[PDB]
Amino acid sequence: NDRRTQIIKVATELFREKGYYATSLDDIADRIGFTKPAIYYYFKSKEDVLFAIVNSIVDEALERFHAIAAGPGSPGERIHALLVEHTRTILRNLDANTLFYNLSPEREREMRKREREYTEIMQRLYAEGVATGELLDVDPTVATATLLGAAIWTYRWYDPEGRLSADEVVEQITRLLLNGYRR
């Protein structure tokens, strides 16, 4: 993880400023000051670098998710905190989300395992809140996929250059799902 993290960070900066299709492994090797053979040890293609960047963003997001679910508050308060966090993470990593839902079997298997963790943390938390009378009595699997699904769909419609900011969209979405649309 010493030079590898340095390689992921340098690659992320370089894909931002230059663009993914204009950037090669030769360019990444150049910026950190490594030879072409030296980068092969860590990464054999630019696609393997892109997987590493996405798996890192998925790994941190999932840590922030566990901390909230394993921390203080009632299940209904934790459910709310998880949705604000999840939507914030979607709006800030829009290209990563389009990349996540639109190759290598074992790498795909790893993505399916992380999706399962998100869902299961919230499933158990929705069942506890329903058992104590705090949450709407619907199946936990249906509520979890619908609430998370409502947050995720923003990647297909949210325009960063539009009138409403990321903070306004997160607030309204989370207020809509919490209270419902009927006053």
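So that there is no doubt, residue numbering starts at 1 and follows the sequence shown.
Going from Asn102 to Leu103, you skip over 4 to 9 residues of the deposited sequence that the entry leaves unmodelled.
As the entry records it, the average C-alpha temperature factor is higher for 34-42, out of 34-42 and 147-155. Stretches 78-86 and 103-111 differ in mean CA B factor, with 103-111 having the higher one.
Residue-level temperature factors show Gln172 in the lowest third of its chain, judged at the C-alpha atom. In the deposited entry, the Cα temperature factor of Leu125 sits in the middle third of values across the chain's modelled residues. Per-chain ranking of the deposited C-alpha B factor places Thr119 in the middle third. When the CA B factors of the chain's modelled residues are split into thirds, the value for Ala131 lands in the highest one.
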